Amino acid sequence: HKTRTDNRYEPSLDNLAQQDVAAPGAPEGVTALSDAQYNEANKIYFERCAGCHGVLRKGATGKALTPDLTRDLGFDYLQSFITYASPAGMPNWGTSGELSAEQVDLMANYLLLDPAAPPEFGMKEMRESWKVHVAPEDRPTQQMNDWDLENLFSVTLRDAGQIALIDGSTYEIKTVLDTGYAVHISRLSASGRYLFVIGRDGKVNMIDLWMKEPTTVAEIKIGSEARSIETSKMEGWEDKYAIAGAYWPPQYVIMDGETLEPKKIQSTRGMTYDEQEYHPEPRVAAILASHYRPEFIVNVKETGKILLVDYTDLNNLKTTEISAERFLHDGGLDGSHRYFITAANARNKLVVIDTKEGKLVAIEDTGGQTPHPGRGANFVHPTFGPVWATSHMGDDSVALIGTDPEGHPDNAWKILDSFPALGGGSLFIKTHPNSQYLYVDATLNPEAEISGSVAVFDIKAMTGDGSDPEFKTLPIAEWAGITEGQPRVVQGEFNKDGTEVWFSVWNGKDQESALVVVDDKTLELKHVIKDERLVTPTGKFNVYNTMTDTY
């Protein structure tokens, strides 16, 4: 229950926590909580505990806390245990994990009562929230603004419920668009015309980059808690569909790529792959799109299932449910775009799926604690050949896995090397075909100096001889020149040409933040982006690199 560098990345269901709940009756031997006491405890539970234990308390990374188990433990045990607090959430907006004596009582009593399941969110609810602001027939037939769309960057202004569209060459903020609250990621249609953003509360906004003044042409709510979205990327299916994944309800939704009309909702509730036991809360994590078949690649966390969903027929729906490893989170395709490599983070494993054949290929331990690749980093190692890399939240290690079964059979799907970067708390590793450098952040590191810097390895100098490759440390936060707080540097993202890499210097909402652009060839500071509108910048997504999956 203490704060580890690799346990702060748990889901904070703060949007779901806003829903009022009715206090249940208490069975013999259990004391009931008033509506207010219960609601106060429920809000705390959803915001700080549900991530590890589940809203239904059936367990996730943390064990189940169902009434039968908790009642056996007793109020005294629960009270004493909860007194120590709980793991802190993500920095800047997350919880501290500290509880008062009054709250420790509410929490202990709450865990002894029978929880209700939060409301479902189906077609009727989605269609009611579905709004087409600009019908397809009323949209332009060609780009009507003069922006360089493919070099645009879509930046999340987290706490402001907005995104900034920034010119990748001039660094001018072309526009700031409202979305509501905390967009998690931006994804582009295969043609690069449509920008899709998903907010943590399940709201999806679709933006037409071809309009003279790009704006939301359609919006829809697909759940109460969501983190993922993706577009159809199979040749011939450009702009056909979009898909969104939710934590609650546990489901994914395929929507029309032009109107956001909800077409197919699929529940992810089901059996765990290994112990084959029913799990009522299998959250949808990363969602990618196949380049080999007209399918979406969906990670189902708690059950350890990777779904290949064929979108050529939504009525006679074909899917391949792949038994993988529990706690699937993020991942990416290799350089050839044929293999999906994903982190089963809590189990320190990388799962590899062949998207052409639709089958599991390998599962390997990285030797590190809690791999968190984001989409990862693909590059040609001088000795090993094609590899994909990931850093870790739990330690300072960077692991490389071979990704070329045809040309380098002996290295394929094997962890070829592991070496240290700046320190623990890493979230994103990055490179680009035109770059000779491998960038690794350390966002969640407890040391300000480290969390504000980035490690950079020279791929060309890598020998794979077993020694630890040296790295240059870029003082990103220092380059941004921010006085107050301990801003955290996060997520490298390259421009279309792969000549410049951007990083977010993430500070609190009422504090100063910035984006730092680094000249990839020289590893020197290129530009510092600051604007009063740039509030809590986090995710950044270059249109071209996102639409083509170039990483």
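Counting begins at 1, following the sequence as shown.
- Comparing 385-393 with 119-127, the higher mean C-alpha B-factor in the PDB entry belongs to 119-127.
- The PDB entry records a higher mean C-alpha B factor for 80-88 than for its counterpart among 282-290 and 80-88.
- Ranking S100, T355, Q436, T231 by the C-alpha B-factor listed in the PDB entry places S100 at the top.
- Between the residues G464, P373, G335, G270, it is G464 that shows the highest Cα B-factor in the PDB record.
- Among the modelled residues of its chain, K264 has a C-alpha B-factor that falls in the middle third according to the deposited record.
- The deposited CA B-factor of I429 belongs to the lowest third of values across its chain.
- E493 sits in the lowest third of its chain by CA B factor, as recorded in the PDB entry.
- For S189, the recorded CA temperature factor ranks within the lowest third of the chain's modelled residues.
- When all modelled residues of the chain are sorted by CA temperature factor, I243 is found within the lowest third.
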